[PDB]
Structure formats: C-alpha cells, structure tokens
Protein chains: 2
Amino acid sequence: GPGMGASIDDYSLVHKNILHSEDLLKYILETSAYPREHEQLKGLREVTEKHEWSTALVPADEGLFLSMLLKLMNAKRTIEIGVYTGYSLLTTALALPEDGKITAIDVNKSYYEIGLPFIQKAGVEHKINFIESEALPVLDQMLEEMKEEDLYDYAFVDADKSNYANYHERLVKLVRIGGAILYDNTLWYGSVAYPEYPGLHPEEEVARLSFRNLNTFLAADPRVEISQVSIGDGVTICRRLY
Amino acid sequence: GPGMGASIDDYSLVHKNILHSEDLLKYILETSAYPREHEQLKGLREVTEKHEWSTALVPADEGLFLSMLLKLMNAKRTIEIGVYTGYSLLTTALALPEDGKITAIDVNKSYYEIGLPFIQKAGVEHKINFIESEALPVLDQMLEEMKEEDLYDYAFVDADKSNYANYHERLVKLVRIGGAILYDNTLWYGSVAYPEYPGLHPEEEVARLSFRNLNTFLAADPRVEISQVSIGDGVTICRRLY
Ligand SMILES: Nc1ncnc2c1ncn2[C@@H]1O[C@H](CSCC[C@H](N)C(=O)O)[C@@H](O)[C@H]1O
Ligand SMILES: Nc1ncnc2c1ncn2[C@@H]1O[C@H](CSCC[C@H](N)C(=O)O)[C@@H](O)[C@H]1O
Ligand SMILES: [Mg+2]
Ligand SMILES: [Mg+2]
C-alpha cells in the first residue's frame, strides 16, 4: 500500500469507478467540483495526480463534501488520519475557522512534503500539528491524555485500510458526543458488494474483507448513528451517541 | 409528474441508476440502510413502492444521509418542499429534537395521507405543519412575514423539478446564514451528463435541462457554498454565506 507493502503496479482496483460512467463522474467534477476547488487544492491535486499512488487521492467532489460537513457542524478541532499528499487535510484546514486545530497523522512524512508547499501558500499550516507515525500508537497515547473538554469534533479516517476497526475503538472515545467520525473508501471500489471478488492483490483482498466486516459492524454498533454515502469510493459517516 | 401533468407511462428514466451496478446499491441498502431504518420508515417505504409514482421516492440510503446532516448541524426548524408519501418528511421529523418544527408543503395532500399513519405511529406528527399548496406562493408569503430570528436551519427541495431555480431565489432568503438548502435529484437519473439525451418525453427533458442549468448556476452562485453528492439520484447541498 501507500504507507508500506506492495507497489501500485501489482494492484488491480485502481481505475475502477463506482458511478455508472466516466462521463457522469466527469460531469460532476467539471460542473460542481473544480469551479469550487481552492487554487491550492487544485495545485496539490495536479501534482499528486502524477505520483505513483495517485489512486489513493481523495477526489475533488468528496473533498467539497467533507468541507460542507465540517462547516455545517461548526467543527473547530479535528484529527486527520492518513494524510498522503494532504488533499483532505488541506480541505479540512481551509474549512475550519482561523483558530481551528488539526492533528494530522501519517506513517510517511515524505508524502506530506509533496503537498505541504500548497498547504503553506493557502496560509493554513499553522492549524496543523503533523505527527509522523503509525496511527494506532498515537491514538492510544491520545486516549491516555485526552480530557473530555478536548475531544475532537471530527475525525477523518483514511490510513491502513485493514486497521479501521482498531481505529474505531479508539476514535469513539476521542471524538465528542455528537462528533463525527468518517471512514474513507468503505465501498472499496465497489468490490465489497460480493462475498468473493477475483483478480485482487492479496493486500486488496485483505482490505476488501476488512471493509465488509467493518461495514457490518458499524451498522450494528449502538455507540454511533451511521450513514454510508456513495461519494468517491464510499464514505461512512458516524456520529457518536454516547 | 406526481403533482401535475404527464403520467408515469411516459417516463423513460425510471429504471436507471447512477451507481455502476444494482448489486452495489443493494449492498449499501442491505448492509448500511435497512438495519438503521426506523420501522415506520420501512412501512412507509414498502407501501410507497407499490404506488404509481414510486420512482420519485427518496431512497433509504439517502434518507439516512439527510438524517445525519440534520443531526450534525443541530437543526431545529426546517422546511420540506415536495412531500409525496412522506419518506423524507418522516426522516426529518425523526431526526429533529422533540421541540423541532417542520413546515411541509405539497400540492397533493392525498399522497401525504398515505404516509400519515406511519408518521403518527412514529409519534412525530406534532412536529409537522402540512400545507396543501403549490410551494412558490407559500414561500413568497413566508418572505413577507419572516423575521430574522425565525429563519430556517434546513430546507429540502424536492417538488416541481422544472422550477428549482425559482425555489432557490426564495430559499436563499428563508434559510439562516450557515443554514442548509438541499436540492434533490440533481443528477436526474444520470441524464444531466450530456447536452443532448435521446428519447425522453417532454416533461423529463424539461426537468433534465432545468437541472443542467441549475447545477451550473449553483456552482456560480456567490450566495452559497455547494457540494453535489452522488447519493440517490444526486443531492446538492448548499450552505448560505450571506
Ligand atoms: N499504519 C498507518 N498509520 C498511519 N498512516 C498510514 C498507515 N498505513 C498507511 N498510512 C498512510 O495512509 C495514507 C492513505 S492515502 C490517504 C489519502 C488522503 N486522505 C487524501 O486526502 O488524499 C498513506 O499516506 C499512507 O502512508
Ligand atoms: N408546484 C408544486 N408545489 C408543491 N409541491 C409540488 C409541486 N409540484 C409537484 N409537487 C409535489 O412534489 C412531490 C415530488 S416527489 C417528493 C418525494 C418525497 N420528498 C420523498 O421523500 O419521497 C410530489 O408529491 C408532488 O405532488
Ligand atoms: Mg482514502
Ligand atoms: Mg426527489
């Protein structure tokens, strides 16, 4: 994957869309996303499109959806898990107020440095505390020091696909009651729709099975309300009830 | 359409899906929507599926998305434009707090009375002020009588598909700053993706062109931020800026 393991040349699902045609996706992006995309998000996206792991990039229509959610819920303190070149992170930082704060976590700071010049030109780096680490230890350590008054409003989870369930057990305690936890890529290119799905790299199959298990679990987890949204590669929004 | 004019026999787009496969939509509904769908929403949906205008029903995964937005933005006073049998209306009434208030508007009260037993059994009918009328005169009268402190938090727009642009001009004044206006069906069965589209009957084609114009207009409208979401048949979330 992006952070470790096999390279992109052996993956299979890279170019698969969940929408019914390339034309429909292109219509959405050209009509409703690109005209509303910040100049620095455009720049970060265009440089990322040339990178070997560009398939991992959060797309422009999903980005505006994340921004909309952040603004509607008046988020101020957030956590961003799985940064890559920083498209979703820059989206969050642009949406938050001037005194908003983001804890951003990625195992690979070199990816972050691809997009960091655009984050800086947007004038929002001051909102970001970037931590280079596997996410799980950071979440474990936040749990030990987290005060109820410091709980996050919003968490975007987009790191090791096979580890979402472990992230969830920490995050339901790190976001406030009424706060949002978003799991990215929960339809896994549409491959979750079937018990079996041939032609996958072993890492893709691990992630596919993980999402099928996670989707079933979140739908029955009494601690949250959920909405799985067929935007991008699928995004499951969770809202903490207690 | 459901409110006036052509019968469903004319309509050419009813069996289209914006997602790549029926199996993926079925997966979303069975895994993430139906287990979280209120029993009275299920009953209302199942009786509506047998109705002649079933194609116009808001789907269950979109419903949970509306509920999620309502709760995340802490909405308390809303307006529902285009009720039909009441699926999105019952969704809203269940999502709002006990003292939440909905102004619901539809030209056909007989559709509303199909869903009314389920709304009553859900115990949330007290939140709903139903007005049998075309929407525009009601909205215009609201603008005459509205005060700054009675602005709506949220509007769901799902009525005459050829007239959304006229609704928008009232609703950008009726919803509070920071409030949400949602336009339903903005991808119109995917048919907006092409300038010309074959074999539609006049009403479907008028609506298709209305949505192409609307999508372009909303993307350029400085009064709002937008996010067009590929859920259901397309939902465009607008957030009032000034
Ligand atoms: N165990 C782990 N802990 C933290 N980050 C991890 C991780 N395993 C993989 N990652 C990181 O997760 C990222 C997934 S791609 C994230 C995409 C990004 N959200 C966007 O907006 O485009 C990669 O950068 C990868 O380095
Ligand atoms: N001019 C108008 N003013 C108010 N309602 C109208 C209208 N023209 C059509 N309608 C109504 O708009 C509805 C569209 S279908 C609405 C679906 C509904 N929101 C759901 O949750 O499933 C129909 O009930 C129709 O009667
Ligand atoms: Mg992702
Ligand atoms: Mg509709």
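Residues numbered from 1 in each chain as written, not as in the entry; some residues may be left out. Chains lettered and ligands numbered in written order. Heavy atoms only, no water. Residues with missing side-chain atoms left out of burial classes, pairs and counts.

The PDB entry annotates chain A as Norbelladine 4'-O-methyltransferase of Narcissus pseudonarcissus MK-2014. Its UniProt record gives chain A the following Cofactor comment, quoted word for word: "Mg(2+)". (UniProt positions renumbered as here; feature names shortened; annotations may be inferred.)

Draft legend 1. Inspection of the coordination of the magnesium ion (ligand 3) at higher detail. All names here are of chain A. Distances from the magnesium ion (ligand 3) to its protein donors, namely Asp-158 (OD), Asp-158 (OD), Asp-184 (OD) and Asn-185 (OD1), fall within the range 2.0 to 2.3 Å. Motif for the magnesium ion (ligand 3), donor spacing along one chain: D-x25-D-N. In this structure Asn-185 comes out as buried when scored by relative accessible area, which is 11%. (Donors = N, O, S within 2.8 Å, 3.2 Å for Na, K, Ca; no water. Buried < 20%, exposed > 50% of the residue type's maximum accessible area, 1.4 Å probe, protein only.)

Draft legend 2. Inspection of the interface of chain B and chain A at higher detail. Contact residues are listed per partner, giving 47 residues for chain B and 48 residues for chain A. Taken over both partners, the interface formed by chain B and chain A buries close to 4,100 Å², and the fraction arising from carbon and sulfur atoms is 61%. Between the two partners, chain B and chain A, sit two salt bridges. Counting across the chain B and chain A interface gives 20 residue pairs in polar contact. Among the elements of the structure, helix 1 (22–33), helix 3 (60–72), strand 5 (175–184), helix 8 (202–220), strand 6 (224–229) and strand 7 (235–240) of chain B are those that each provide at least two residues to the side of chain B that touches chain A. (Contact = heavy atoms within 4.5 Å. Buried area = accessible area lost by both parts, 1.4 Å probe. Salt bridge = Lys/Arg side-chain N within 4 Å of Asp/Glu carboxyl O. Polar contact = N/O pair within 3.5 Å; in protein donor to acceptor, adjacent residues only side chain to side chain. Helix = DSSP H or I, 4+ residues; strand = E, 2+ residues; numbered from the N terminus.)

Draft legend 3. Summary view of the pairing of strand 4 (residues 152–157) of chain B. Residue and element names in this part refer to chain B. In terms of residue burial, strand 4 counts as a mostly covered element, since six of its six residues are buried. Inspection of the sheet shows strand 1 (residues 77–81) paired to strand 4 by four bridges, in the parallel sense. Bridged to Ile-79 within strand 4 is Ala-155. Bridge count for strand 4 against strand 5 is five bridges, and the pairing is parallel. Across the sheet, residue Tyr-154 finds its bridge partner in strand 5, namely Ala-180. Tracing the backbone out of strand 4, into helix 7 (residues 164–174) and back to the parallel element strand 5 gives a crossover that is right-handed. (Pairing = 2+ DSSP bridges. Right-handed = clockwise from strand over helix to strand, strands pointing away.)

Draft legend 4. Structural detail: the sheet that holds strand 7 of chain B. Taken together, seven strands build an open sheet; the order of strands is 3-2-1-4-5-7-6 (chain B) and the sheet is mixed. In this open sheet, the two strands that pair with only one neighbour each are strand 3 (128–132) and strand 6 of chain B. On average, each strand axis in the sheet is inclined to that of its neighbour by 15°, with strand direction left out of account. Bridging between strand 5 of chain B and strand 7 of chain B involves five bridges; their strand directions are antiparallel. For B:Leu182, the partnering residue across the bridge sits in strand 7 of chain B and is B:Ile237. Of the strands in this sheet, strand 5, strand 6 and strand 7 of chain B touch helix 3 (residues 60–72) of chain A, which is tilted by about 125° from strand 6 of chain B. (Axes fitted to C-alpha atoms, helices over the stretch in contact; angles between N-to-C directions.)

Draft legend 5. Region of the structure containing the pattern of salt bridges. Using the criterion set out here, one finds 27 salt bridges over all chains in the structure. Of the charged contacts in the structure, one is a salt bridge between A:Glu37 and A:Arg45, with a shortest N-O distance of 2.8 Å. The buried category is assigned to A:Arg45, whose relative accessible area is 9%. The residue B:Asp99 makes a salt bridge to B:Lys76 at a minimum N-O spacing of 2.8 Å. Here B:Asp99, found in the loop between helix 4 (87–95) and strand 2 (101–106), pairs with B:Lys76, found in the loop between helix 3 and strand 1; they are 23 residues apart in sequence, far enough to count as distant. Relative accessible area serves as the criterion here: at 47%, B:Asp99 is assigned to the partly exposed category. Among the ionic contacts, a cluster of salt bridges with common partners joins A:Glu37, A:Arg45 and A:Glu49.

Draft legend 6. Region of the structure containing the relation of the copies chain B and chain A. Superposing chain B onto chain A takes a rotation of 180° plus a shift of 0.0 Å along the axis, which leaves an RMSD of 0.3 Å. A rotation of that kind, with that shift, is consistent with a two-fold axis. Here 98% of the interface residues in chain B have copies in chain A that are interface residues too; the copies meet face to matching face. (Least-squares fit on C-alpha atoms.)

Draft legend 7. Structural context of the coordination of the magnesium ion (ligand 4). All names here are of chain B. Listed as protein donors to the magnesium ion (ligand 4) are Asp-158 (OD), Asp-158 (OD), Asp-184 (OD) and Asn-185 (OD1); their distances from the metal cover 1.9 to 2.4 Å. Binding-site remark: the magnesium ion (ligand 4) is held by donors from one chain whose sequence spacing is D-x25-D-N. One exposure class covers both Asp-184 and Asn-185, and it is buried.

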